[PDB]
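Counting starts at 1 for both ligands and their atoms, following the listed order. Starting from 1, each residue takes its place in the sequence as its number. These numbers come from the heavy atoms of this one structure, side chains and all, not from hydrogens, waters or symmetry mates.
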Amino acid sequence: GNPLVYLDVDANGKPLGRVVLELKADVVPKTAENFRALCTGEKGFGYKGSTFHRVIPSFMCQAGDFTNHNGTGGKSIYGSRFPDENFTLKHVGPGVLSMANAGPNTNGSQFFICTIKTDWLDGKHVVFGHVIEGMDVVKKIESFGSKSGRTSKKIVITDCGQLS
Ligand SMILES: CCOC(=O)CNC(=O)NCc1ccnc(N)c1
Ligand SMILES: [K+]
Ligand SMILES: [K+]
């Protein structure tokens, strides 16, 4: 079946809880696989110890720049960037999991979890999953963002992995 993965998130070292995500390998296998492997760390790099660097209330929480920690970097399991797989899945509401990018065919490791419907991103960002459990944890992360996207506390994926 589709992978089930998790992110354990803290704020200045205090645990907020666990976000559980379904990855839609049945629709975007290559994008799902990238994220799955970056959660387990099996390629020798990934999300563990990296941050939510851009958190905008009423929009989204963005993470996955485990190279520069600031929204400039990241890399995929394939290489630095990989193509847009398809745009079949849409930004239908809160809890959508989607790839951040710097334009067409620039997927790396950065991603976002939506806290509203972000339909203006449809056909521009590859959606590849959604939140199964821990939307309340996402809402806690969101609480530490700002309209600038800067966070008021350091928000860290302390652990991550695959459940099934
Ligand atoms: C809501 C999603 O917003 C975005 O994706 C806005 N764009 C960005 O943050 N781009 C930065 C970016 C993304 C992916 N790989 C990089 N090397 C750099
Ligand atoms: K806005
Ligand atoms: K782990």
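The shortest separation from a heavy atom of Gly74 to ligand 1 is not under 4.0 Å, leaving the residue out of contact. Using 4.0 Å as the threshold, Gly71 has a heavy atom nearer than that to some atom of ligand 1. The closest approach between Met99 and ligand 1 stays at or above 4.0 Å for every heavy atom of the residue. Put simply, part of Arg54 is less than 4.0 Å from ligand 1, judged by heavy atoms.
Considering each of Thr72, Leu121, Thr118, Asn101, the one bringing a non-hydrogen atom nearest atom 14 (C) of ligand 1 is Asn101.
At a cut-off of 3.5 Å, with distance as the only test, no side-chain donor of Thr40 or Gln162 sits close to an acceptor on the other residue. For the 3.5 Å distance criterion, the side chains of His91 and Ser98 qualify, holding a donor opposite an acceptor. A side-chain donor from one of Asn2 and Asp26 sits under 3.5 Å from a side-chain acceptor of the other.
Residue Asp159 approaches the K ion (ligand 3) most closely through its N/O/S atom OD1.
Results of the side-chain contact (heavy atoms from CB on, under 4.5 Å) test with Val137 over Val131, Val20, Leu16 single out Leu16 as the only residue that passes.
Checked against a 6.0 Å centroid threshold, the rings of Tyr47 and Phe35 count as neighbours.
Set against the non-hydrogen atoms of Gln110, the atoms of ligand 1 under 4.0 Å away are 12 (C), 13 (C), 14 (C), 15 (N), 16 (C), 18 (C).
Nearest to atom 9 (O) of ligand 1 among the protein's heavy atoms is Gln62 NE2, 3.0 Å.
Below 30°, between 30° and 60°, or above 60°: for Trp120 and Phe59 the angle between ring planes is between 30° and 60°, a tilted geometry.
For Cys160, the nearest N, O or S atom to the K ion (ligand 3) falls under 3.4 Å.
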- [ ] For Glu142 and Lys139, run salt bridge (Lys or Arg N to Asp or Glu O under 4.0 Å): C-alpha distance rounded to whole Å, both residues' side-chain angles, the deciding distance at 0.1 Å, then the answer.
- [x] CA-CA 5 Å; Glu142 183 182 27; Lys139 294 296 294 179; 2.7 Å; yes
